[PDB]
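Encoded as structure tokens, the structure appears first; notes follow it.
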Amino acid sequence: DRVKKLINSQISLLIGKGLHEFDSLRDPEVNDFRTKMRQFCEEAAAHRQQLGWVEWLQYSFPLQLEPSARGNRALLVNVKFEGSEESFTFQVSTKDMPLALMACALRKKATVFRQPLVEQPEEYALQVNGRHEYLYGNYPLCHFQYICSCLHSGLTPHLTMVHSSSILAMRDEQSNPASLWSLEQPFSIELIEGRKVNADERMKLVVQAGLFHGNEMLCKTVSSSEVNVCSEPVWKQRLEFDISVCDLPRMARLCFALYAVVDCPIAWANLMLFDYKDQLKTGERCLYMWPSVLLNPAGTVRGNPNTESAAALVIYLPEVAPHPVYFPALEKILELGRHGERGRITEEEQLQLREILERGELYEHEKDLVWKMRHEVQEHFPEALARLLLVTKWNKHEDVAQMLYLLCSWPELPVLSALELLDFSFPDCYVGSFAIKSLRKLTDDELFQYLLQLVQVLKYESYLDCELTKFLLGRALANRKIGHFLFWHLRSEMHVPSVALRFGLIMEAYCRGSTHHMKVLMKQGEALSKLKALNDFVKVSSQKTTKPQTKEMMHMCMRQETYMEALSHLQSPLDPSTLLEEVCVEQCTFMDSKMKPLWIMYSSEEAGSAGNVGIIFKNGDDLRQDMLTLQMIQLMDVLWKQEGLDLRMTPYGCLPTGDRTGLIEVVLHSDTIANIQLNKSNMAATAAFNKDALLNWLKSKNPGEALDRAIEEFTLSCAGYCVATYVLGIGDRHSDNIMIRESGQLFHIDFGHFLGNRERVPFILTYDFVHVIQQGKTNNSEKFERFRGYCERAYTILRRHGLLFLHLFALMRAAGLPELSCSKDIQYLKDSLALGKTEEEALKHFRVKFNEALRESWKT
Ligand SMILES: Oc1cccc(-c2cccc([C@]34CCOC[C@H]3C4)n2)c1
């Protein structure tokens, strides 16, 4: 129909790639992915359109609960009914549930409307005014993030009673429209020739080839003969490997590196030896190579799409049999693996085995004992699966069969264990499928917390149709907030050729599953397009005229009908719960830094004061490492809160949306330490001593009794950020990248560098901040040591979750961030968390680094 053609054009525009481009590849793997995932996502959409009204609230407006709630005090609340300007202000308890609040609003409505009411509180949900956020379910009001925030800020919760018929009307409005093992011969290939090779004519060309299973070599690497540098080198030679065809594991990858020698790296290319349908590849392959910025096994197994300029390697995969050869089916593997010798060992060896499995590099004899005792591992140490997988001989099909027999009856593992198993160190497809099965129990909150890392893991996948893609799509189609961030994490990397195909296909499938959300996301893309054009203008103008001039010109551009329409009434890409209603042009500006980022302000009558929100649009900087740093800080805040420690952190939004483009959430009523320390005259904060400036500023924002709370907020957040910057090795910290809220809360901005990047970043204590902590007194050991206590408690909590941080950072290596590209970068985190030590030893070490920081602070 004409509606299908329109939806196809809308998807093409949204994802940034024409769908016709998928068809043009004439790739059966692409075609099957598109068909199967379209069916899967359309089935999820059919299920969603018939959800009950409360299930539909769970889909569109998933609950935002405090970390303590997951798994007393008087409170004033303002409640109105939908489409009525009239509101009721009443007193409830923080311990009361939404149902009691709703029953109270209904009794009030019945008295005011003089009618014995027809409505039960069970037919309603409470919307947060002017936000895509609702309060519902059997949780006390203090457990909702919105109420918890209102309590901390002192503000009165403003809620709207929304009836079930109104929620159903939303559901309806948003509907989609109407045998290998016999082949003993060594594996070999013919290296035919190269095309479009660029190198120094004085040198020679060589092709290094290796067979890998993840990062691990399946045998020794082999090199071609050296042939003189030219545009079309010709080898026409056989490269034989030290591994039988029968012993190639299912996920074996053949990896190449073309280089020049008198070493000068030129290009690299990888390919899976078996296709997506489990068939062993035969015949000619033209491999369009990727430039080398020598073998790169973690590199993509798809060819470079720039076939016009890429160097190409032509190879021949020999016909090993007169008929096609497929990897054996699971039943054949299980039959082979079912047979073995069950380990019988001494009581002393059982103690030595327990010692190593509970301990991750091992010696050869330690690996032999783990393998020998693999049945004992399964039955009594199931969480040591990763250790057993690492000792398995992936180059011996009998050993692999025996490992897979145990894997297929392995008990499900905790979420923490499964995150480790997604690492590229575990490349087998059954292992990958096992990890996904153990991750199905992830709550939507945990999935959201690790979504960024799960998206990065897609870059290690060998095939398009995989369990991780299906998992992410199914969870995204069942939770609109997950769907929102899955979309943006994929869309923001469409300018990266190695992932544009895979990411483009996932975004298309998602859109098939929610036509309405596709349109919501298109409205966000239109605002982003306008912001880029506006920012390009500001960049040009800022070099030619004065700031008030560029600001008025920026304002005139925004007041154009096309800009006013595109920039208004959208869901925020930083947070789909936040609605960006009317752009407040008068309040919009830009910042003086290099990229001239735009500062965009919004207001919303319906949301009142909560509708006053800002976004910063920045183009020219890669925001991926900032987002990762902020998400790690937010995880620290969750882990602390789960132990009842609230360090008053400010986990503001940061989201890459495109090529060196993204948004940052504005924290209103905040200023940089630098601006406050300028100590300007005729201000409430003006000081006799520069050290008095920050405290005088806090006193001016918090007069009388409020000062004590502000100093406390400052102290707790200082402790949180001191521990966060030390653990993450956040460097380049000065007064212009540290901010303070009027509440007293300190937070960090502009996370350009982390993990010591290479130098070990020491713990930092600044004397201007010690002065505030000590309430302006020269000596105040009571307050200072209380602050040290918060630091120690925060640090010991993080250490206890050390493995989670390590597993997440390990998955992030797939992102290709320059400061997270090797083992040295992660060693930084291993050292800061001192995980190879006892808690008493690590606390002793932290105390040494803290005291060293105090003595450095005392020099000021
Ligand atoms: O994470 C980054 C990365 C790069 C630049 C920055 C930045 C620079 C200047 C201002 C800000 C604020 C101002 C107050 O609200 C909080 C954040 C948005 N952030 C933050």
Side-chain angles (χ1 to χ4, degrees), residues 149 153 452 488-489 492 528 531 535 538-539 542 547 551 572-575 578 580 584 587-602 610 612-637 648-678 694 697 701 713-714 717 720-721 724-725 728-755 757 812 815 817-820:
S149 175
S153 76
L452 177 57
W488 280 111
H489 287 332
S492 73
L528 288 167
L531 289 167
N535 214 152
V538 165
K539 281 177 158 79
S542 69
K547 207 227 173 90
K551 189 182 164 170
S572 178
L574 292 155
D575 178 5
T578 296
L580 306 178
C584 303
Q587 304 305 312
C588 297
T589 191
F590 66 101
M591 288 121 79
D592 298 335
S593 60
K594 199 194 167 184
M595 302 307 175
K596 306 297 176 198
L598 308 180
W599 173 280
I600 310 295
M601 289 298 308
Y602 286 91
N612 293 332
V613 295
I615 64 167
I616 286 161
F617 171 89
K618 192 163 167 230
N619 169 241
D621 283 359
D622 173 1
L623 293 178
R624 292 181 302 152
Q625 195 168 300
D626 268 274
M627 173 181 53
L628 176 62
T629 306
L630 286 158
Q631 286 196 8
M632 290 296 173
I633 290 167
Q634 200 265 327
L635 174 56
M636 295 174 177
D637 186 45
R648 314 296 311 132
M649 305 295 282
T650 303
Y652 62 91
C654 174
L655 179 76
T657 55
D659 184 358
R660 295 176 293 258
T661 304
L663 301 180
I664 299 153
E665 180 183 5
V666 166
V667 177
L668 292 164
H669 317 297
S670 74
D671 209 350
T672 66
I673 299 303
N675 286 344
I676 292 155
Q677 290 181 324
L678 285 177
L694 262 173
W697 183 89
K701 298 300 176 186
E713 292 286 300
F714 183 88
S717 59
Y721 284 95
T725 60
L728 296 172
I730 306 302
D732 194 39
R733 298 291 93 194
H734 9 85
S735 66
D736 52 15
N737 59 37
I738 303 170
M739 298 201 68
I740 187 174
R741 301 179 71 171
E742 293 176 8
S743 68
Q745 287 160 283
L746 176 152
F747 65 97
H748 286 244
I749 61 165
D750 189 67
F751 301 104
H753 309 278
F754 75 176
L755 300 177
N757 300 130
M812 280 313 285
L817 303 176
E819 299 191 347
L820 185 55

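The first residue of the sequence shown is numbered 1, and numbering continues consecutively from there. First listed ligand is number 1; within each ligand, the first listed atom is number 1. Below, all heavy atoms of this structure are taken into account, side chains as well, without hydrogens, waters or symmetry copies.
The only member of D732, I633, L623 that meets side chain to side chain contact (heavy atoms under 4.5 Å, CB included) when paired with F751 is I633.
For the pair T661 (side chain) and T657 (backbone), a donor-acceptor distance under 3.5 Å is absent.
Protein residues lining ligand 1, listed by chain and number: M591, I616, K618, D626, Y652, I664, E665, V666, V667, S670, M739, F747, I749, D750 [non-hydrogen atoms, distance under 4.0 Å].
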*Evaluate the criterion side chain to side chain contact (heavy atoms under 4.5 Å, CB included) for residue pair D621 and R660; output intermediate values, then yes/no.*
CA-CA 5 Å; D621 283 359; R660 295 176 293 258; 5.9 Å; no

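Atom CG in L630 sits 11.0 Å away from atom NE2 in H748 (nearest 0.5 Å).
Applying the salt bridge (charged side-chain N to carboxylate O under 4.0 Å, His left out) rule to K551 yields no partners; only residues at least two apart in sequence or on another chain are considered.
No hydrogens or angles considered: nothing links the side chains of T725 and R733 as a donor-acceptor pair under 3.5 Å.
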